[PDB]
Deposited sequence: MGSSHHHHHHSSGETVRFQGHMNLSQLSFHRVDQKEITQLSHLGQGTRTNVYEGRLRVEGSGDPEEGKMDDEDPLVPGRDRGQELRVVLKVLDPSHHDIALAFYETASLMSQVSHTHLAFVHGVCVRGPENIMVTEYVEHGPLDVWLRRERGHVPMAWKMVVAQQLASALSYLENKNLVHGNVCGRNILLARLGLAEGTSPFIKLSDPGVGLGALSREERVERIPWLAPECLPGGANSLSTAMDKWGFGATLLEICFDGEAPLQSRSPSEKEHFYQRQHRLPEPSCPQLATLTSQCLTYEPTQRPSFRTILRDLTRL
């Protein structure tokens, strides 16, 4: 249950970047500025995991969640028509403004992210792709929108799950609990100005880090919170009601 968009209602503009099995563009929707996520020519299992994301995002409403307008089918291409956010991905912005991002600013983003994830938790819904790249800035206090997760995690290959380390929950390498790990790793990425740990490490090194059960570094007002979220035991991770209450 998502809206079907005819290709006559959309205009594809400049390439913005790439997602997992997708090419992201700016566009218009008849007029609104939108973001088009063009899925690669794919088999039905991949397309279905992309429809599941459109469905999930069409059934939710939260101020810190980006809007999904619907889905367009253009030949072998599936297009998710989504909300355009002014300043784009958070990680890109953090690397541009490195050393000049206040801790109070980072705490606002963390609270807004926990708020969106608490809402998904209450509805027993899984995002499965929480990372700085999927955090979009509507305003630079800041105002964030968590993007759709793209092709659902369950449809991806081991190689793609290994690429998602350290954001990927370790139990997903071979539940709502995976988003606490995602949130925790995202907090480290925010503290480190868009420089996530293990980003210079090879796939074998990333996989060995998880296989040996090595823990990620400490970020100071967030060290306890991240350490609790970044536990290999999913049941031991705190709830977002706890995380959100503790951020206040």
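Unmodelled regions (deposited sequence positions with no C-alpha coordinates, counted from 1) are 1-27, 58-83, 194-199, 234-239, 285-286, 316-317.
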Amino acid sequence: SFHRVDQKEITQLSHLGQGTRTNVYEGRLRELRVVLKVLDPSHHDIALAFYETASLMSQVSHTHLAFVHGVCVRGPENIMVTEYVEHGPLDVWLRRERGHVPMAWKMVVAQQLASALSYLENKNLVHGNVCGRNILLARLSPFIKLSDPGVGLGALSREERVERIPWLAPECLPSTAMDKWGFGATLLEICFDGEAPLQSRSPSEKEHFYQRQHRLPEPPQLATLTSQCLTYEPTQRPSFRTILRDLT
From here on, numbers count along this sequence of modelled residues.
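Each form is matched to the other, and the largest set of C-alpha atoms that superpose within 1.5 Å is called the rigid core.
Of 73-81 and 117-125, the stretch whose C-alpha atoms sit farther from the shown form in 8 other deposited structures of this protein, after fitting on the rigid core, is 73-81. The PDB entry reports B-factors from which the mean C-alpha value can be compared for 225-233 and 7-15; the larger average falls on 225-233. Taking the PDB entry as given, 196-204 carries the higher mean Cα B factor of the two stretches 196-204 and 65-73. Per the PDB record, 98 has a higher Cα B-factor than any other of 145, 133, 98, 139. In this entry, the residue among 90, 85, 104, 117 with the greatest C-alpha B factor is 104.
Residue-level temperature factors show residue 44 in the middle third of its chain, judged at the C-alpha atom. In this PDB entry, residue 109 carries a Cα temperature factor that places it within the lowest third of its chain's modelled residues. Sorting the modelled residues of the chain by their CA temperature factor places residue 179 in the middle third. Per-chain ranking of the deposited C-alpha B factor places residue 211 in the highest third. When the modelled residues of the chain are ordered by their C-alpha B factor, residue 162 lands in the middle third.
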